[PDB]
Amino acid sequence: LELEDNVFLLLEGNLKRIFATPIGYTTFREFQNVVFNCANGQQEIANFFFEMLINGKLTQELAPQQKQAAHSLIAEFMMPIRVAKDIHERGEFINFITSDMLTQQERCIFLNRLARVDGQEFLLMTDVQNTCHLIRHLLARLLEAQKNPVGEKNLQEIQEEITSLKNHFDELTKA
């Protein structure tokens, strides 16, 4: 492989540009387009940068200044690229939830925040009854998954986590 220093520099500027705005569902494909543009029709060069930037792996010896630049690109871009790829694949999946209990009047309510893999969040208020209905709805859904052969195998994989839920619930009912 014969690369000029200029390629690493141009590639860095282009990657800095695409990652300057929020990662979205087009970002992984936009990154691939940047690599292909840089490779200029040379599959071996494209693959070199994909291995480097997607896998953090250097598939040939580089001269010291280029090796340093590759390490810098890996450090700066590997995770954001993997997150772009993740969003492309499963950006709408739940990633995190927070809840803050507020006690007002007679009533205990929760300010819940739902965050997805793609970073979008949603605020949702629930009182204690809403919370119970939400739990029942989600349990009803696992019970339907359990009838299906795939769902059944998925549930058997976390059988310990399920038995625990029942524990926590038995703990709530006694009190």
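Start at 1 and count along the sequence shown; that's the residue number.
Stretch exceeding the other in mean C-alpha B-factor - 32-40, 119-127 | Between 32-40 and 119-127, it is 32-40.
Which of the two stretches, 158-166 or 21-29, shows the higher mean Cα temperature factor in the record?
-> 158-166 has the higher mean C-alpha B-factor.
When the modelled residues of the chain are sorted by Cα temperature factor, does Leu102 land in the lowest, middle or highest third?
-> It belongs to the highest third of the chain when residues are ordered by C-alpha B-factor.
Could you say whether, by C-alpha temperature factor, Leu114 belongs to the lowest, middle or highest third of its chain?
-> Lowest third, going by the recorded CA B-factors of the chain.
Could you say whether, by C-alpha temperature factor, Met52 belongs to the lowest, middle or highest third of its chain?
-> Lowest third of the chain for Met52's C-alpha B-factor.
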